[PDB]
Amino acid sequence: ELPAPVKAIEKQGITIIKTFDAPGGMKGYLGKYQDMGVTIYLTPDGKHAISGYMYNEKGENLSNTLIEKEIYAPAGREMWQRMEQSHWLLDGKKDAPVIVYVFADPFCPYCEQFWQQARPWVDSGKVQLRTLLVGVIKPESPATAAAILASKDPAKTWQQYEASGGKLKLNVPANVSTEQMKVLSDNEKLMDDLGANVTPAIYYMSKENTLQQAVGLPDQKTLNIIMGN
């Protein structure tokens, strides 16, 4: 059974997930208090346990690294894949190291403003924006989004559309094609699954490889983080 010291910490409202190997002959226990991940370390004397964060000589918070890798990283791994497998439009270099997904609607001022804010990083080749269009804000959103998808170079058309603040004139098709309709519907369901119905809904990966979200127009700090700066 569980060592007495660890059982004492459980009584403090902690639920253990699993054990793991720790340095110095110490045994580790990964757990959670509410929605917060925690690490517990059984001492060498075996009669004590420490609930806290372990750091190494290089100054790395190993407990944080573990909690993010084992508890947070897995959370949005599938979501990231679903976005990657969707019909997104490329804005920037195909080999840009930083990938950012954005669910956007044609009639969305903040989508346009975010597009402008990102220019420095996209143009430098550091970041690539992958846009998943949706048609949910205005009556004409579906048709306009489909019209963009229907153009000769959808990615370029979207870029011009955002740059113009949504004023760019478009060739309006007689109807939304079944493929365009599928893309829009599939994208809206994924957006819904991600939990944010407001556009722009921006998704990115932290330096620790965990899925992050930003809804609306990012402030300066959030923008810099989304851009991997």
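Numbering starts at 1 and follows the sequence shown.
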Inset, instruction - Could you check which stretch, 120-128 or 70-78, carries the larger mean CA temperature factor in the entry? - result: 70-78
Inset, instruction - Report the stretch with the higher mean CA temperature factor, choosing between 153-161 and 99-107 on the basis of the entry. - result: 153-161
Legend entry - Selection by C-alpha B-factor (highest) of 52, 37, 200, 28: 37
Legend entry - Cα B factor band for residue 210 (lowest, middle or highest third within the chain): middle
Inset, instruction - Select lowest, middle or highest to describe the third in which the CA B-factor of residue 188 falls within its chain in this entry. - result: lowest
Inset, instruction - Can you work out whether the C-alpha temperature factor of residue 172 puts it in the lowest, middle or highest third of the chain? - result: highest
Inset, instruction - Can you work out whether the C-alpha temperature factor of residue 65 puts it in the lowest, middle or highest third of the chain? - result: highest
Legend entry - Among modelled residues of the same chain, the CA temperature factor third for residue 182: lowest
